[PDB]
Amino acid sequence: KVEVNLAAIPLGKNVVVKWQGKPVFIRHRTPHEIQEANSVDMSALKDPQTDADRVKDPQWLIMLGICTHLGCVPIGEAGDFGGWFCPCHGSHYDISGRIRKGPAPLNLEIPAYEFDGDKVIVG
Amino acid sequence: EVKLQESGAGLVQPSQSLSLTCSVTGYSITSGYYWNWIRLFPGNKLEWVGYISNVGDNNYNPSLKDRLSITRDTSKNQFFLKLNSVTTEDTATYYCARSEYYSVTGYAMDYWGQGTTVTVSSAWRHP
Amino acid sequence: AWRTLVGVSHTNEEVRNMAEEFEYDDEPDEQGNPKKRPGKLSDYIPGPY
Amino acid sequence: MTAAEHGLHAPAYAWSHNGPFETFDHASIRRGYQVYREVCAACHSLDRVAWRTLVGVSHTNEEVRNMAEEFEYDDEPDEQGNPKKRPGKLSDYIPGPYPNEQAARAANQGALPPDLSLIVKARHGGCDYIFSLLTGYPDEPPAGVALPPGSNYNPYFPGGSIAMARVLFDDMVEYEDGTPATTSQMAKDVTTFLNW
Amino acid sequence: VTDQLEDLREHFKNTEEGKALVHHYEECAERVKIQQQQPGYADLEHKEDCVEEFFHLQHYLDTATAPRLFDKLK
Amino acid sequence: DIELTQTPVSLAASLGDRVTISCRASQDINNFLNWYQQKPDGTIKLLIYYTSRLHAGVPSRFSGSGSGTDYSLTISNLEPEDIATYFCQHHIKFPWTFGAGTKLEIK
Amino acid sequence: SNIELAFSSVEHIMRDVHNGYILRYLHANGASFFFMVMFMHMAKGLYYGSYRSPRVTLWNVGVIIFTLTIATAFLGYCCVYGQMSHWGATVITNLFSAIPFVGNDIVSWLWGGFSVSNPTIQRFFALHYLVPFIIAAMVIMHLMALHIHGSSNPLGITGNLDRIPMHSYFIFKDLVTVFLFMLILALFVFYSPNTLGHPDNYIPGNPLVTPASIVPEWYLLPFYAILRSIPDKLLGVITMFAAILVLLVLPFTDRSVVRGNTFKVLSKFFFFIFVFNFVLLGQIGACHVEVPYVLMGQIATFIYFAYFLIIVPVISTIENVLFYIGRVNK
Ligand code: HEM
Ligand code: HEM
Ligand SMILES: C/C=C(C)/C=C/C=C/C(OC)[C@@H](C)[C@H](OC)[C@@H](C)CCc1oc2c(O)c(OC)cc(OC)c2c(=O)c1C
Ligand code: FES
């Protein structure tokens, strides 16, 4: 059960922290990114989810950084869709971390988490 | 990017039905969030009228709840306001808007229509 | 290890209280200074010396 | 992929150890150690190199012993069980600047300076790459390139944006053998040392 | 003394080929600073940089300096 | 039914200085308070949600604070297209209600 | 084999063990040479119709050895526990997650936990030690099937009319290529020991970071490319496995009436299309998932399967008929 201090993360930055041996991705999203995430039509998504289905607070994207194809860790701020690129077989994720192109069948999984003021508790 | 375009009768006679259509392009009604109608009175008091969800669930202001019916057409991607038996009360510019809902931050209307000004007048127009 | 007591001689709750009475080395903070931690069920019963 | 994302191809310098019949230049190794000690060691560990391996390569048995004894290592507890320290011996490994990873990131804007024990084999381009990186910081980034705060530009690093600043400047080291310590000379030397 | 690589780079920047290459890089750099002082730069998603032209310069210099630098070093 | 009271009502200022509108509600809303911006042209925009969060495109010189029942909307400079009518809604319960409005004029 | 010690224990072999670097470089470069020679042994079989009756069993046992050898080298590669080791282990154990319903259960069972960890690397070493001995037993079964029918020859016809003993002639002929093989392996081991590997595997494995520079071992690249060409998870891994199993189909789709390609103009041509298509698949594997490459890989994948299933049956039928009408006068 990992505690992450959200007050420590700057505006448009990614943080990677370990939880149960897996990498947990946390982005403090910009206002422009939040709009980019919630303005995408389901018809363009092979695994259809709204940004709100995936985050509780639009400022904090919190997900398991495990590519759903074959388990590599996607690279932050890369790809053709403003989010993450998986170097292993070329899966692109958007700024909500949904799968947009490539062999990965699913969006990046969201772990259970609650907030406690300035800090989130993943687990 | 999402666009809301409003059309409809800019002049109805009292005791008739006001009908406004809100056309959405760049995002499906069935895909996402909440689809709202609000009106701006000349006295500058904004009033929330109601919504239809992406599921098709209605939710109306109790002030006007017995008169209006907010419908949609998935095929053409547009939702509608229908305010029945209008008075000079219902003279306002009407707006359709999308609101998101995140479980922490709540609702927020982020995409707005152009605004259609309706006047409840006894005059004759040309349909 | 503390966890092996559970369901054998003590309850899950009792063992947790017993383990937390002891301090174990934890991972260093954000700045690299050492820090301690109450014990958890994954820990081994500590010795006197 | 774009040239910036790939990084600039490092060119082929005429290293004296290139070629099937060629040994290292051991004087260059000796010098390179000094550059490591006086510049690089402040941020970079060298965990896999034991003091004893220097003997007969770049230094004498006596020189290495003096160098090792300048450092303290954990010793076996005394008769009563209290911890105690010890000067270093030849069996010890060259110690690093930081006690753990978290302390190393704190001292470098959150970045982790890799251990250099294998760095020549752990990069495409080998000696050519390491040398070119160290001598390839432009005074200003190319026009249009917006560098993150705390980052530096270097064309040979993939993506151009590297968290290590230029650290080699002319005559920041007084070579024990008289050689003019220019930046490209110092780069040539550490790189030879790191290949060894 | 003066750095031996810096010396050979400066020397080769001033050959015919080196002058042509810095010209093309310079013509790029001019074009860019003009774009930065015209409104809506922080919102363009189409900002030009001069890495490519820089790389051509640096590549030429590398190709000329690399075979020669170590004959000047000890 | 909650109702908001936008004060000051239609107060004006100069060509580049701070200004603090407010919204007070009858019942206690959490921090569920948005701020909208109706232009003279009838163009209406979102500015602030959850009484501090900037929407996409709205400049840094906009703030937004408060809690419980008292709220705020502060500006840095009014240069120059800040001239509009500013509203505020709650959304802790249906129906959503807006403020009285606050026009911003330039002398 | 402990995940904390594995990478350092290999550095210890490199630095402290007398002649340790020779052992490690022989092993690593030898694995590569093992594949070079296996591909040539297989290509030889393909060209000369060695898979044909009565040597079908010989060929099938060969295909099993090939699968086992690929699995053995993967297990060894993981034991280094560099960056390529960790993510190789991760990606390849995940191949099985594509299995309907019980796939993620297989993977967690293979891992021995939540991710590739200490349990994983310790069991992969134990397995890496075992499988070479199973390969040895399969080689004996391979030589048993070889013995009852003997070798084929470059003419594709019977050898029964003129045999010479193995001893002397082919013992000393074998010696010629044994030394040439050792010479070349020696040039790599002593002069260029890391040219056939990946620089990222001199970096200890990191569970939180997958390098952008990740590339499979060279001898796995053609198969990797085939998988990458299918934009679906399940079908990607099915098609890749099928690229190995389709070798089993050749005794049935070769319709010719003569063994081997020596006197066959169209078959020789398309054989070399196959070989160079295979090299392309490998060059695609080494490239980025980018515009021209994705399509080229999908077309090369098609050519790979079409060779066994379409080209060989069609061409060998045509050649059958051409041989006939060129001599019969009615
Ligand atoms: C001393 C001359 C010196 C050498 C040699 C050197 C080399 C070096 C290499 C080869 C790397 C790896 C780059 C890569 O990933 O390809 C590297 C990285 C970092 N260094 Fe360094 N370094 C030398 C000196 C110094 C000094 C004195 C400091 C600390 C002030 C320093 C710091 C760093 C950091 C930080 C990095 C990380 C780069 C990144 O991740 O972006 N180095 N160094
Ligand atoms: C460790 C692996 C292997 C060993 C030690 C081995 C060894 C041998 C030997 C000694 C021969 C006889 C000499 C020769 O023709 O080269 C032979 C023949 C043969 N092998 Fe293999 N082999 C191996 C793998 C394979 C594989 C992977 C295949 C095919 C998928 C295969 C297919 C054949 C065939 C078909 C022949 C008969 C060739 C002919 O006579 O025309 N072998 N093998
Ligand atoms: C106990 C034993 C177990 C669980 C496993 C054994 C069986 C598995 C295999 O065959 C036997 C398997 C090796 C497969 O065969 C189809 C090979 C062609 C693998 C091809 C392969 O390699 C990669 C690789 O090496 C990598 O390194 C960095 C990274 C990779 O992603 C980027 C891959 C990859 O994407 C593929 C398809
Ligand atoms: S593992 Fe990410 S694309 Fe295959």
Side-chain angles (χ1 to χ4, degrees), chain C residues 32, chain D residues 17 24-76 84-108 111-123 126-127 130-131 133-134 164 167-168 172-177 181 186-196, chain G residues 4-17 20-21 82 202-204:
Chain D
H17 49 101
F24 285 138
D25 190 294
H26 289 260
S28 197
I29 298 179
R30 184 177 179 101
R31 276 182 255 128
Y33 178 76
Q34 199 186 332
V35 176
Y36 169 74
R37 175 50 57 210
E38 276 165 36
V39 193
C40 318
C43 313
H44 283 300
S45 56
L46 201 58
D47 284 343
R48 324 196 99 88
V49 180
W51 290 111
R52 32 167 262 267
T53 64
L54 262 54
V55 177
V57 173
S58 57
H59 296 79
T60 66
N61 200 285
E62 292 71 40
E63 299 189 277
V64 178
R65 186 171 277 112
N66 289 160
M67 288 192 269
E69 285 189 82
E70 286 181 47
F71 294 94
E72 281 165 58
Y73 296 71
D74 289 324
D75 202 4
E76 284 127 63
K84 62 190 288 295
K85 297 291 192 67
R86 165 179 59 86
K89 26 183 88 186
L90 293 209
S91 80
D92 287 322
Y93 288 87
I94 291 164
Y98 306 107
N100 54 75
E101 196 200 327
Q102 281 71 49
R105 287 201 187 277
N108 294 273
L112 188 60
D115 192 275
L116 292 187
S117 297
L118 286 167
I119 211 71
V120 164
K121 281 202 292 191
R123 296 292 186 280
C127 283
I130 308 289
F131 183 85
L133 182 79
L134 289 167
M164 174 173 77
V167 300
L168 293 185
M172 75 181 296
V173 159
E174 198 157 84
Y175 271 151
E176 180 209 291
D177 77 319
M186 288 185 291
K188 186 258 205 198
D189 292 341
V190 252
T191 290
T192 301
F193 168 66
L194 290 181
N195 196 165
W196 172 79
Chain G
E4 306 90 16
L5 305 166
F7 188 96
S8 288
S9 94
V10 179
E11 275 304 297
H12 164 71
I13 289 161
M14 289 297 295
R15 292 164 186 277
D16 311 319
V17 169
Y21 67 92
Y202 282 114
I203 303 175

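Note: hydrogens, waters and symmetry copies are ignored here, and every other heavy atom, side chains too, is used. Residue numbers start from 1 in every chain, and the chains themselves are labelled A, B, ... in the order their sequence lines are given, proteins ahead of strands.
Here the CG atom belonging to D:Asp115 is positioned 6.5 Å from the CZ atom belonging to D:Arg48, to the nearest 0.5 angstrom. Between atom CD1 of residue D:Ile119 and atom SG of residue D:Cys40 there is a gap of 11.5 Å, rounded to the nearest 0.5 Å. Annotation: the span from D:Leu118 atom CG to G:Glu11 atom CD amounts to 4.0 Å, rounded to 0.5 Å.
Identified under the salt bridge (charged side-chain N to carboxylate O under 4.0 Å, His left out) test for residues 186-196 of chain D, with sequence neighbours left out: D:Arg31-D:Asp189. For residues 56-72 of chain D, the pairs satisfying salt bridge (charged side-chain N to carboxylate O under 4.0 Å, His left out) are D:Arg30-D:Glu63, with sequence neighbours left out. Annotation: salt bridge (charged side-chain N to carboxylate O under 4.0 Å, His left out) contacts involving residues 51-61 of chain D, sequence neighbours excluded, comprise D:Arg52-G:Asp16.
For the side chain to side chain contact (heavy atoms under 4.5 Å, CB included) test, residues two or more places apart in sequence or in another chain that qualify with D:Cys43 are D:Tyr98, D:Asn108, D:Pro113. Remark: D:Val120 engages D:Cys127, D:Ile130, D:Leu194, D:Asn195 in a side chain to side chain contact (heavy atoms under 4.5 Å, CB included) (not counting sequence neighbours). D:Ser58 is linked by a side-chain hydrogen bond (donor to acceptor under 3.5 Å, both in side chains) to nothing, counting only residues two or more places apart in sequence or in another chain. Taking D:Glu38 as the reference, D:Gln34 meet the side-chain hydrogen bond (donor to acceptor under 3.5 Å, both in side chains) condition, with sequence neighbours excluded. Residues meeting the side chain to side chain contact (heavy atoms under 4.5 Å, CB included) test with D:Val55, sequence neighbours left out: D:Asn61, D:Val64, D:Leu90. D:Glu101 is linked by a side-chain hydrogen bond (donor to acceptor under 3.5 Å, both in side chains) to D:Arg105, counting only residues two or more places apart in sequence or in another chain. Remark: D:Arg86 pairs with D:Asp75, D:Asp92 by the salt bridge (charged side-chain N to carboxylate O under 4.0 Å, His left out) rule, at least two apart or across chains. Take G:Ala6 and apply the side chain to side chain contact (heavy atoms under 4.5 Å, CB included) test, not counting sequence neighbours, and it matches G:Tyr81. Among residues two or more places apart in sequence or in another chain, the side-chain hydrogen bond (donor to acceptor under 3.5 Å, both in side chains) test is passed with D:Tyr73 by D:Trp51.
When every heavy atom of D:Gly96 is checked against every heavy atom of D:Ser45, the shortest pair comes out as CA-CB, 4.0 Å. Taking every heavy atom of both residues into account, D:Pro95 and D:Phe71 meet most closely at CG-CD2, 3.5 Å. Annotation for D:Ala104 and D:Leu112: closest pair CB-CD1, 3.8 Å, computed over non-hydrogen atoms.
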* Asked: Can you check side-chain contact (heavy atoms from CB on, under 4.5 Å) on D:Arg37 and D:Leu46, steps first, answer last?
  -> CA-CA 10 Å; D:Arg37 175 50 57 210; D:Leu46 201 58; over 6 Å; no
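Remark: the backbone N or O of D:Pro114 is paired with a side-chain donor or acceptor of D:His44 at under 3.5 angstrom.
Note: D:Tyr36 and D:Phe193 have tilted aromatic rings, judged against thresholds of 30 and 60 degrees for the angle between ring planes.
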